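Participant: Before I ask anything, here is the structure I am working with.
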Amino acid sequence: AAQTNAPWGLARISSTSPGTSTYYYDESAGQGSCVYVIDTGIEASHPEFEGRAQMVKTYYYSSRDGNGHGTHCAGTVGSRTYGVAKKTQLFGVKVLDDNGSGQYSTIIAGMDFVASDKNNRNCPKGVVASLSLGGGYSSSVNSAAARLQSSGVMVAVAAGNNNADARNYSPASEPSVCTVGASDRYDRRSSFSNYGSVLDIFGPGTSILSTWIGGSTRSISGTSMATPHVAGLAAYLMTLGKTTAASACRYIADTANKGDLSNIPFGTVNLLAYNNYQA
Ligand SMILES: [Ca+2]
């Protein structure tokens, strides 16, 4: 399949080189997979989700996304125009309030929720979780991310936006999950992207167009935006039968564009997520 004039990040993920604008992907499109977006929520009613998004949990007085952040992320995962996995099922878990904030304790609870909740969902091709959030190092937060992963969910997390070593952030520093740095359309490490040995992969994160609340769209930037590209990619690859929740991060690293990014600090992987799709 070919989507012309796609957001640059979608095009980049199906390309061996920067500077193209068409997104190429197998039409299976992540059908039969599920992605949990653990964030400010999802405006499920957005036309771009086509009935494939649902709120499953909130820790606040509402499950609506009163921010837009969770909605943007979900859109990059699986909206029809702005999504990597255009046919995946999207499940929203509101651990972050409408200011985008959340106590670590609620975030942990949300991770443990998904690990159980996938047993109440129909996801024959596999389960992915996209965590575009983080804070300072916490062993409890990392442990929760490690449980979610061990349970059979492909866990993708943001490296963080401090232009700093991600070892000092959680869940970014957890070894057993997929930690995702950000790049721009010229293949530079995004100026705010964290780095370090704990990163597993980079995805598009600068100037990323996706869905927003009020049924609109906008371009914003962050390792928050890179993460859902990798999450959507994993879901897509799982439906293709190429990989599984336990091996998807490795598989993506293995099949990545390699050595192509600039301003990657010494000791950080130079790998850009790539679907290796041959149209
Ligand atoms: Ca990691």
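Residue 1 is the first one shown; counting continues down the chain.
Determined via X-ray crystallography, 2.0 Å.
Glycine residues also receive a Cβ, built from the backbone N, Cα and C atoms like all the rest.
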Participant: According to Swiss-Prot, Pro175, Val177 bind Ca(2+) 1; which one of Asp165, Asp184, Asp187, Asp200 is annotated to that same site?
Facilitator: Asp200
Participant: Considering the candidates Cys73, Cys249, which is the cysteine that Swiss-Prot reports in a disulfide bond with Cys178?
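Facilitator: Answer per the record: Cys249.
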Participant: Check Swiss-Prot and name the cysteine among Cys34, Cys73 that pairs with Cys123 in a disulfide.
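Facilitator: In Swiss-Prot, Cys123 forms its disulfide bond with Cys34.
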Participant: What other residues of the same chain, not counting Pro175, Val177, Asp200, have a CB atom within 8 A of the CB centroid of the Ca(2+) 1 site?
Facilitator: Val155, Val157, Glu174, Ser176, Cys178, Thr179, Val198, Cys249
Participant: Say you check the Cα of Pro175 (Ca(2+) 1 binding site) against those of the recorded positions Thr16, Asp39, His69, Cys249; which is nearest?
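Facilitator: For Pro175 (Ca(2+) 1 binding site), the closest Cα among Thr16, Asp39, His69, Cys249 is found at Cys249.
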Participant: For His69 (active site, charge relay system), which of these recorded positions sit within 10 Å, Cα to Cα: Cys34, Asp39, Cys123, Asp200, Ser224?
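Facilitator: Checking Cα-Cα distances against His69 (active site, charge relay system), the recorded positions within 10 Å turn out to be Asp39, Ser224.
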Participant: Give me the long-range Cβ neighbours of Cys249 (disulfide bond): same chain, 6+ apart, Cβ under 8 Å, in sequence order.
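Facilitator: Once residues fewer than 6 apart are set aside, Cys249 (disulfide bond) is near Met154, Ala156, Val177, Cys178, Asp200, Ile201, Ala234.
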Participant: Rounded to a whole angstrom, what is the C-alpha distance between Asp260 (Ca(2+) 2 binding site) and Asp39 (active site, charge relay system)?
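Facilitator: It is 30 Å, counting Cα to Cα.
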Participant: For a Cβ distance below 6 Å to any atom of ligand 1, name the recorded positions from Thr16, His69, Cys123, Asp200, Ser224, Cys249 that qualify, or say none.
Facilitator: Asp200
